[PDB]
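**Student:** Structure here, sequence nowhere to be found:
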């Protein structure tokens, strides 16, 4: 459940989520995040 355009990414929880190409998906570096 992402909310962004493809080619913009942004800051999420404890990592950055690169908006996929469908405008509704994200990669998110995903390294760690206790809260």
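**Tutor:** Okay, I see it. Numbering: from 1, shown residues only.

**Student:** which non-adjacent residue is nearest the residue nearest the centre of the chain?
**Tutor:** Centroid-nearest residue in the chain: residue 17, 1.9 Å away (criterion: Cα atoms, centre = their mean). Excluding its sequence neighbours, the residue lying closest to residue 17 (Cβ to Cβ, 6 or more residues apart in numbering) is residue 26, at 3.6 Å. Placement of C-beta: from N, CA and C, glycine included.

**Student:** Give me the phi and psi angles of the closest residue to residue 4 other than its chain neighbours.
**Tutor:** Excluding the flanking residues, the one nearest residue 4 by Cβ to Cβ, 6+ apart is residue 19, at 3.8 Å. The phi and psi values for residue 19, taken as degrees, to the nearest 10, are phi -50, psi 130.

**Student:** Residue 19 against residue 12, yeah?
**Tutor:** No. Using Cβ atoms under 8 Å, residue 19 is not in contact with residue 12, being 10.4 Å away.

**Student:** joint contacts of the two?
**Tutor:** Here residue 19 and residue 12 share the contacting residues residue 26, scored by Cβ atoms under 8 Å, 6 or more residues apart in numbering.

**Student:** picking that back up, please name the bridge partners of the residue nearest to residue 4.
**Tutor:** residue 26 (DSSP bridges).

**Student:** returning to what we had before: state the distance from the residue nearest to the centre of the chain to residue 23.
**Tutor:** 13 Å (Cβ to Cβ, to the nearest Å).

**Student:** any common contacting residues for these two?
**Tutor:** With Cβ under 8 Å, 6+ apart, residue 17 and residue 23 have common neighbours residue 4.

**Student:** rewinding a little: gap between the residue nearest to residue 4 and residue 6?
**Tutor:** Taken as Cβ to Cβ, the span from residue 19 to residue 6 is 5 Å.

**Student:** of these two, who's got more company?
**Tutor:** residue 19 (19 against 14; other Cβ atoms under 10 Å).

**Student:** what sits against that one?
**Tutor:** 2, 4-10, 25-26.

**Student:** try residue 31
**Tutor:** 14-15.

**Student:** Same question for it, what's its three-state structure.
**Tutor:** Here residue 31 is coil, with the state taken from DSSP: H, G, I helix; E, B strand; the rest coil.
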